[PDB]
Amino acid sequence: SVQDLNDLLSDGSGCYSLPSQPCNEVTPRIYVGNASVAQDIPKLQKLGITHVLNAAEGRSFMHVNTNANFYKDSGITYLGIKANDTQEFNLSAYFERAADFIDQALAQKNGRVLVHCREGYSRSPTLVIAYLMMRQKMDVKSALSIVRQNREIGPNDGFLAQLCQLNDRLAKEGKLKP
């Protein structure tokens with residue numbers, strides 16, 4: 001139920017806090033940030049980021065206009081998904097490819113990945129939550145709670161519903177840890 005998920009994100013009902021920081025490490029070696037941290041190459045290096053997954057690739061004010069070329073020569077590996085933060089956008093079609101990209105960065109003990117969007121509030125947190133469910137076998141409630149404790153997030157109801165569908169698939173087939 002999407003309303004039980006919104007309840008974990010708000011203070012009871014109506015108000016959802018906004019990110020107090022431009023970037024947060026939400027689980028070990030996985031960072032969630034915004035547009036300006038994504039474009040600050042010298043900060044990424046300092047943090048030792050090896051991979052950047054841009055979940056808001058595009059040419060508008062609700063997107064971050066970066067590409068693999070922007071990161072070439074800095075030795076940073078790039079993956080871009082042109083997603084829109086709307087209840088109708090099917091982000092679930094990209095869950096597997098995103099979960100794979102994160103797994104490839106973390107497979108090496110030195111890897112660290114930045115999954116970001118415009119604000120690091122709805123599009124990217126959704127991909128991280130999905131990854132925690134699909135690869136670390138956490139249920140939607142536990143996965144959502146862990147990220148939220150580390151960063152103020154608020155995925156749209158359509159993204160929350162896609163996560164709920166995923167949770168049911170995984171648990172039906174006995175893939176979630178209790």
# chains A, B, ... in the order shown; residues from 1 in each chain; ligands from 1
>>> select_by_dssp(residues="chain A", states="alpha helix (DSSP H)", output="JSON, numbers by chain")
{"A": [2, 3, 4, 5, 6, 7, 8, 9, 35, 36, 37, 38, 41, 42, 43, 44, 45, 46, 47, 68, 69, 70, 71, 95, 96, 97, 98, 99, 100, 101, 102, 103, 104, 105, 106, 123, 124, 125, 126, 127, 128, 129, 130, 131, 132, 133, 134, 135, 140, 141, 142, 143, 144, 145, 146, 147, 148, 149, 150, 157, 158, 159, 160, 161, 162, 163, 164, 165, 166, 167, 168, 169, 170, 171, 172]}
>>> residues_around(residues="residue A:53", least_positions_apart="4", cutoff="9 Å", atoms="only C-alpha atoms", output="PyMOL selection string")
chain A and resi 77-81+98+101-102+113-117+124
>>> residues_around(residues="residue A:90", least_positions_apart="5", cutoff="9 Å", atoms="only C-alpha atoms", output="ChimeraX atom specification")
/A:83,158-159,162
>>> atom_distance(atom1="atom CA of residue A:17", atom2="atom CA of residue A:52")
25.3 Å
>>> residues_around(residues="stretch 84-86 of chain A", least_positions_apart="3", cutoff="7 Å", atoms="only C-alpha atoms", output="list in words")
residues 56, 89, 122 and 123 of chain A
>>> closest_residue(among="A:145, A:110, A:50, A:34", to="residue A:18", atoms="only C-alpha atoms")
A:34
>>> residues_around(residues="residue A:160", least_positions_apart="5", cutoff="8 Å", atoms="only C-alpha atoms", output="CSV table (one decimal) with C-alpha atoms, in the first residue's frame")
chain,number,residue,atom,x,y,z
A,2,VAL,CA,1.4,3.3,-1.2
A,5,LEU,CA,4.9,4.1,2.3
A,126,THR,CA,13.7,4.9,-6.4
A,155,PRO,CA,9.4,9.3,-4.6
>>> select_by_dssp(residues="chain A", states="strand (DSSP E or B)", output="list in words")
residues 23, 24, 25, 26, 27, 30, 31, 32, 33, 51, 52, 53, 54, 57, 64, 77, 78, 79, 80, 113, 114, 115 and 116 of chain A
>>> write_last_selection(atoms="N, CA, C and O atoms", output="compact mmCIF listing (two decimals), in the first residue's frame")
# COMPACT_ATOMS: atom_id res chain seq x y z
N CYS A 23 24.14 15.92 -1.14
CA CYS A 23 24.58 14.53 -1.36
C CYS A 23 24.65 13.78 -0.03
O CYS A 23 25.05 14.37 0.96
N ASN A 24 24.27 12.50 -0.02
CA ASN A 24 24.32 11.65 1.17
C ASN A 24 24.68 10.23 0.74
O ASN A 24 24.26 9.77 -0.33
N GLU A 25 25.45 9.53 1.58
CA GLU A 25 25.80 8.13 1.35
C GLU A 25 24.66 7.46 2.08
O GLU A 25 24.55 7.57 3.29
N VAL A 26 23.80 6.78 1.34
CA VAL A 26 22.62 6.17 1.93
C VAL A 26 22.81 4.75 2.43
O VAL A 26 22.12 4.32 3.35
N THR A 27 23.77 4.04 1.84
CA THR A 27 24.16 2.69 2.24
C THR A 27 25.63 2.72 1.82
O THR A 27 25.99 3.47 0.94
N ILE A 30 27.29 3.79 -1.75
CA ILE A 30 26.20 4.24 -2.64
C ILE A 30 25.74 5.63 -2.20
O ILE A 30 25.19 5.80 -1.11
N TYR A 31 26.00 6.63 -3.02
CA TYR A 31 25.62 8.01 -2.74
C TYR A 31 24.45 8.48 -3.58
O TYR A 31 24.37 8.11 -4.75
N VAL A 32 23.58 9.29 -2.98
CA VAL A 32 22.41 9.90 -3.64
C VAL A 32 22.62 11.42 -3.57
O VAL A 32 22.85 11.97 -2.50
N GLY A 33 22.63 12.08 -4.72
CA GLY A 33 22.85 13.51 -4.76
C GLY A 33 22.01 14.24 -5.78
O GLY A 33 21.08 13.66 -6.37
N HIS A 51 31.79 5.53 -10.53
CA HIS A 51 30.65 5.43 -11.45
C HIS A 51 29.57 6.47 -11.14
O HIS A 51 29.25 6.68 -9.97
N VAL A 52 28.99 7.06 -12.18
CA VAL A 52 27.91 8.02 -12.02
C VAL A 52 26.70 7.52 -12.82
O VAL A 52 26.84 7.27 -14.02
N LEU A 53 25.56 7.32 -12.16
CA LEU A 53 24.32 6.91 -12.83
C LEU A 53 23.38 8.13 -12.79
O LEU A 53 22.90 8.49 -11.73
N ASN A 54 23.20 8.81 -13.93
CA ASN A 54 22.36 10.01 -14.06
C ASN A 54 20.93 9.57 -14.41
O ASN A 54 20.68 9.12 -15.52
N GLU A 57 18.74 12.41 -17.07
CA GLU A 57 19.43 12.91 -18.25
C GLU A 57 18.46 13.62 -19.21
O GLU A 57 17.38 13.10 -19.50
N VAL A 64 19.33 17.01 -15.97
CA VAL A 64 20.74 17.35 -15.90
C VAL A 64 21.37 16.92 -17.23
O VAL A 64 21.42 15.73 -17.58
N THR A 77 33.05 6.24 -14.89
CA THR A 77 32.15 5.44 -15.72
C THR A 77 30.72 6.00 -15.58
O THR A 77 30.23 6.18 -14.46
N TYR A 78 30.07 6.20 -16.72
CA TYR A 78 28.75 6.80 -16.85
C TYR A 78 27.60 6.00 -17.50
O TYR A 78 27.80 5.34 -18.52
N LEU A 79 26.41 6.11 -16.91
CA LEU A 79 25.17 5.51 -17.41
C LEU A 79 24.07 6.58 -17.23
O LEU A 79 23.92 7.13 -16.15
N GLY A 80 23.34 6.89 -18.31
CA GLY A 80 22.29 7.88 -18.23
C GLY A 80 20.94 7.31 -18.59
O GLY A 80 20.83 6.49 -19.50
N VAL A 113 29.57 4.44 -6.12
CA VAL A 113 28.68 4.98 -7.14
C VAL A 113 27.77 6.14 -6.68
O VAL A 113 27.32 6.15 -5.54
N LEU A 114 27.59 7.14 -7.55
CA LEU A 114 26.69 8.28 -7.30
C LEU A 114 25.50 8.08 -8.21
O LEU A 114 25.67 8.03 -9.43
N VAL A 115 24.33 7.87 -7.63
CA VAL A 115 23.10 7.72 -8.39
C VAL A 115 22.46 9.07 -8.09
O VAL A 115 22.21 9.38 -6.93
N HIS A 116 22.20 9.86 -9.11
CA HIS A 116 21.65 11.20 -8.90
C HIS A 116 20.55 11.56 -9.91
O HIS A 116 20.33 10.82 -10.89
>>> residues_around(residues="stretch 44-47 of chain A", least_positions_apart="2", cutoff="9 Å", atoms="only C-alpha atoms", output="list in words")
residues 37, 38, 39, 40, 41, 42, 49, 50, 74, 76, 112 and 114 of chain A
>>> write_last_selection(atoms="N, CA and C atoms", output="mmCIF file, in the first residue's frame")
data_model
loop_
_atom_site.group_PDB
_atom_site.id
_atom_site.type_symbol
_atom_site.label_atom_id
_atom_site.label_comp_id
_atom_site.auth_asym_id
_atom_site.auth_seq_id
_atom_site.Cartn_x
_atom_site.Cartn_y
_atom_site.Cartn_z
ATOM 1 N N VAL A 37 26.227 18.388 -7.567
ATOM 2 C CA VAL A 37 27.285 17.502 -7.084
ATOM 3 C C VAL A 37 27.716 16.657 -8.284
ATOM 4 N N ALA A 38 26.766 16.327 -9.155
ATOM 5 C CA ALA A 38 27.033 15.532 -10.347
ATOM 6 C C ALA A 38 27.953 16.258 -11.318
ATOM 7 N N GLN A 39 27.874 17.585 -11.333
ATOM 8 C CA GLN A 39 28.674 18.398 -12.241
ATOM 9 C C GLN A 39 29.961 18.947 -11.644
ATOM 10 N N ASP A 40 30.281 18.558 -10.420
ATOM 11 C CA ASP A 40 31.494 19.009 -9.756
ATOM 12 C C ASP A 40 32.489 17.859 -9.788
ATOM 13 N N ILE A 41 33.131 17.660 -10.929
ATOM 14 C CA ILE A 41 34.103 16.570 -11.097
ATOM 15 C C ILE A 41 35.192 16.553 -10.021
ATOM 16 N N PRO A 42 35.740 17.738 -9.657
ATOM 17 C CA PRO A 42 36.775 17.647 -8.618
ATOM 18 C C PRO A 42 36.273 17.118 -7.267
ATOM 19 N N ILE A 49 34.616 8.616 -6.301
ATOM 20 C CA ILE A 49 33.502 8.054 -7.035
ATOM 21 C C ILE A 49 34.039 7.467 -8.336
ATOM 22 N N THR A 50 33.691 6.215 -8.604
ATOM 23 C CA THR A 50 34.136 5.562 -9.828
ATOM 24 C C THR A 50 33.061 5.512 -10.928
ATOM 25 N N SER A 74 38.258 11.706 -17.000
ATOM 26 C CA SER A 74 38.331 11.804 -15.555
ATOM 27 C C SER A 74 38.341 10.378 -14.983
ATOM 28 N N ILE A 76 35.855 8.323 -14.909
ATOM 29 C CA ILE A 76 34.567 8.022 -14.292
ATOM 30 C C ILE A 76 33.700 7.311 -15.330
ATOM 31 N N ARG A 112 32.731 3.042 -5.891
ATOM 32 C CA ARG A 112 31.761 3.863 -5.175
ATOM 33 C C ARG A 112 30.897 4.472 -6.284
ATOM 34 N N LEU A 114 27.592 7.142 -7.545
ATOM 35 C CA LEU A 114 26.691 8.284 -7.304
ATOM 36 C C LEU A 114 25.498 8.081 -8.214
#
>>> atom_distance(atom1="atom CA of residue A:105", atom2="atom CA of residue A:138")
19.8 Å
>>> atom_distance(atom1="atom CA of residue A:3", atom2="atom CA of residue A:28")
28.3 Å
